[PDB]
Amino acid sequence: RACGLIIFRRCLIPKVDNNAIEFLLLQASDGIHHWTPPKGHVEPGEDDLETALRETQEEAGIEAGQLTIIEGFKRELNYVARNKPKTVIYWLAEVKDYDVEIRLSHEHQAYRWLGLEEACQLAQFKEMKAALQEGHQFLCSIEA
């Protein structure tokens, strides 16, 4: 059982920015092929949202002060990785600063900020794509 945050940022501009919302994906170092938002495993004590935040600071270097959780959205992904069964829960979180410092751990070798389409294209796996898409869709509704 793992929890994480679909991190996104807002790009606010007069046609300069192709998109108003960009997602953070992190590249796995081991395997060299996996792109996900920050996530990780639940500790014995831990609340699920507690993991998502903690794991976001560990994986991406983003502290809670640099983050705001969008209430009302959550997505449980159920799938199969490395011949093993996986459960990941994600919430949507927004970064306060466009230029927030991303600090990777050994687990990841690069990050990218992406518009919804390219993000889905990079994530590749259907459940992750589905989740980012519904994440975005959620965000558009709240806006209106």
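Numbers follow the displayed sequence, beginning with 1.
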Of 127 to 135 vs 13 to 21, the stretch with the larger average CA B-factor in the entry is 13 to 21
Averaging the C-alpha temperature factors as deposited, the higher value of 74 to 82 versus 38 to 46 falls on 74 to 82
Max C-alpha B-factor within the set 94, 107, 58, 99 falls on 107
Top Cα B-factor in this entry, restricted to 62, 88, 28, 114, sits on 28
Of the three thirds of Cα B-factor ranks in this chain, residue 5 occupies the lowest
Assert third(CA B-factor, residue 69) within chain per record equals middle
Chain-relative C-alpha B factor for residue 32 (record values, thirds): the highest
